[PDB]
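When the sequence shown is numbered by the entry's author numbering, its final residue is 917 and no position is left out of the sequence of numbers.
For each residue, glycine too, the CB sits at the ideal point set by N, CA and C.
One structure below.
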Amino acid sequence: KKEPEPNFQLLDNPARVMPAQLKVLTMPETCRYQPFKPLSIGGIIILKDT
């Protein structure tokens with residue numbers, strides 16, 4: 868049949884994130900912004916910028 872399996876997924880800013888799967892958040896690679904604190908914790912966080 869078909870075995871596509873897109874091994875990773877993109878999300879926008881206000882992201883539904885089930886807690887059990889926060890700890891494998893794939894940070895926005897080489898983005899303009901940078902997370903001020905370890906992304907492993909949920910909720911609201913402030914971003915440093917360039």
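Among residues of its own chain, excluding the 5 on either side of residue i, which ones have a beta-carbon nearer than 6 Å to its beta-carbon?
{"i": "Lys915", "result": "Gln901, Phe903"}
{"i": "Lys890", "result": "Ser907"}
To which residues of the same chain is residue i closer than 8 Å at the C-beta, ignoring the five residues directly before and after it?
{"i": "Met894", "result": "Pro902, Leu906"}
{"i": "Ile912", "result": "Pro902, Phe903, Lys904, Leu906"}
{"i": "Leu892", "result": "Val884, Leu906, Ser907"}
Near residue i, which residues of its chain fall below 7 Å by C-beta distance, leaving aside the five closest residues on each side in sequence?
{"i": "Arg899", "result": "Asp916, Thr917"}
Per DSSP, which one or two residues make a beta bridge with residue i?
{"i": "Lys904", "result": "The partner list for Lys904 (beta bridge, DSSP) is empty, contrary to what the question assumes."}
{"i": "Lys915", "result": "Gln901"}
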